[PDB]
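**Student:** Experimental coordinates follow, after the sequence.
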Amino acid sequence: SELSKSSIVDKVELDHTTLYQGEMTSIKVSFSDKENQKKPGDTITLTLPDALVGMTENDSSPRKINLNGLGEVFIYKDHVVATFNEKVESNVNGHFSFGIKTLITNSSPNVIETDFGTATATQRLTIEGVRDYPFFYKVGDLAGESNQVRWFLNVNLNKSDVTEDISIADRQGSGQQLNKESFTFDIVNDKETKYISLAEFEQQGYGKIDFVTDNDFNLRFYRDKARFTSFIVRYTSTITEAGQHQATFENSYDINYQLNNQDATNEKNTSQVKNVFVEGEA
C-alpha cells in the first residue's frame, strides 16, 4: 500500500521555506503508525517539484538511506521512495532526511506551492534570484552528489603589492579526506590568467605546499611573483563515513603576509560549509 497520501506521513519539513538557486537543503519526512492505517510492504513515497532536484549518487544511481533494517529509502532526482519489505510489529515511529539542490535556473523570484504528493500541508516555497576583498578569505560548499567538499582559498583578489612571502598554514576540520591531487590555481595579473595544477605551480616557482599530514598543509606563495597577482586556490575533500553525519564541515587557516609599506599582518579563521543531512532512523 502507498502510505504517502496515507495518514502515516506526519510531515515533510524543510529548515526554511525561502531557497536560493543552487542551494542544497535537507528535507525531513517523519512518519507514524496511525490507528486507521498502519506496514510490511507499504511505501511512503514523495514526488518532488521540478524546481528542487533530489541528489542521487555521482553514478546518477539512487542515494540509499536505511531505517534500522526495518526498511530503506531510495532517492532519485524525480522523487524519493521509502519501502518497508518486511519485519513489522505493534507502533512504528521514524523519519528520514534526504538532500535536494534547488535548480539554478536564472532569474533576478519563483514561488511554488507543493505538498510533495502527500496528505500533508501544501507549502509555499520561494526560490529567489541572485570590489575591495579582504587580502585573503576562504569559502566552500558541497560537491553535490560527489560526496566531497569544495574549498577555495582566495589570495590577493585586489592585486596589491606584497613585500614578503605569503604563508598559509591549513588545518582541515574533521570528517574530511584531503584530495592531495585536486589542487588547482587560478592566477591573475595584467600580463595574463593561468589555470594550472599544483605541480606546475611549483615547477614555475610561484611557491610550494607541504602536506603536514593527510588533512593538513602549508601553502607558500613567493613574494616576487605574488606582486599584483591574485591566486584562487581550488581543491576538494571527500566526506567520510564519520563525516556524512556531521552538521557542518570546517577548515581553518593561519596566514602571514605583508603589504607595501606596512607591518606584517597575521590572520586566521575557520570556514564553515553546511552539511545536507541524509539520516533515517526509527
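**Tutor:** Nice, thanks for sending it over. Residues are numbered from 1 along each chain as shown.

**Student:** Now residue 13: closest residue in space that isn't a chain neighbour?
**Tutor:** Closest residue to residue 13 apart from its sequence neighbours, by CB to CB, 6 or more residues apart in numbering: residue 28 at 5.0 Å. Heads up, the C-betas are built off the backbone N, CA and C, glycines and all.

**Student:** Start from the N-terminal end of the stretch 51-200 of the chain and give the helices.
**Tutor:** 198-203 (DSSP state H, counting those that start in this stretch).

**Student:** can you pull out the strands in the stretch 101-250 of the chain?
**Tutor:** Assigned by DSSP state E, counting those that start in this stretch, the strands in the stretch 101-250 of the chain fall at 110-114, 123-128, 136-142, 148-155, 166-172, 176-178, 184-188, 193-197, 207-210, 216-221, 230-239, 248-257.

**Student:** The fifth one to strand 136-142, inter-axis angle?
**Tutor:** Right, strand 166-172. In terms of direction (axes from the mean of the first three to the mean of the last three CA atoms, to 10 degrees), strand 166-172 departs from strand 136-142 by 30 degrees.

**Student:** on contacts alone, who are the packing partners of strand 166-172?
**Tutor:** strand 148-155, strand 216-221, strand 248-257 (3 or more CB pairs under 8 Å, 6 or more residues apart in numbering; DSSP states H and E).

**Student:** Tell me the neighbouring strands of it, and mark each as parallel or antiparallel.
**Tutor:** Strand 166-172 has the following sheet partners, assigned by DSSP bridges: strand 216-221 (antiparallel), strand 248-257 (antiparallel).

**Student:** Ok, which of the ones you listed comes nearest residue 9?
**Tutor:** Shortest distance between residue 9 and the strands paired with strand 166-172, using CB to CB, is found for strand 248-257: 28.7 Å.

**Student:** Please name every helix or strand in contact with whichever helix or strand comes after that closest one.
**Tutor:** Using DSSP states H and E, the helix or strand that follows strand 248-257 in sequence is strand 265-274. Here strand 265-274 touches strand 136-142, strand 248-257, going by 3+ CB pairs under 8 Å, 6+ apart.

**Student:** Residue 279: what's it in contact with?
**Tutor:** Residues in contact with residue 279 (CB atoms under 8 Å, 6 or more residues apart in numbering) are 28, 65, 95-97, 245.

**Student:** returning to that earlier point: of the strands paired with strand 166-172, which approaches residue 134 most closely?
**Tutor:** Between the strands paired with strand 166-172, strand 248-257 lies closest to residue 134; by CB to CB that is 10.3 Å.

**Student:** next one: that closest one to chain centre, how far?
**Tutor:** Put simply, strand 248-257 sits 17 Å off its chain's centre (CA atoms, centre = their mean, to the nearest Å).

**Student:** Out of the helices and strands packed on strand 265-274, which one sits most buried?
**Tutor:** Highest mean neighbour count among the helices and strands packed on strand 265-274 (mean count of other CB atoms under 10 Å): strand 248-257, with a mean of 19.

**Student:** what's the angle between that strand and strand 148-155?
**Tutor:** 20 degrees.

**Student:** contacts for strand 248-257?
**Tutor:** The contact list for strand 248-257 (CB under 8 Å, 6+ apart) reads 135-136, 138, 140, 149, 151, 153, 162, 164, 166-176, 237, 239, 243, 264-275.

**Student:** In ChimeraX, how would I select the buried members of these?
**Tutor:** A single ChimeraX command is used to select the members of the contacts of strand 248-257 judged buried by 16 or more other CB atoms under 10 Å:
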select :135,136,138,140,149,151,153,162,166,167,168,169,170,171,172,173,175,176,237,239,243,271,273,275
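
**Student:** Residue 18 is nearest to which of the strands of the stretch 101-250 of the chain?
**Tutor:** Proximity to residue 18 (CB to CB) singles out strand 123-128 among the strands of the stretch 101-250 of the chain, at 5.0 Å.

**Student:** neighbouring strands for that closest one, and are they parallel or not?
**Tutor:** Within its sheet, strand 123-128 is paired with strand 18-20 (parallel), strand 110-114 (antiparallel), according to DSSP bridges.

**Student:** need the contact list for residue 247.
**Tutor:** Counting by CB under 8 Å, 6+ apart, residue 247 has contacts 274-275, 277.
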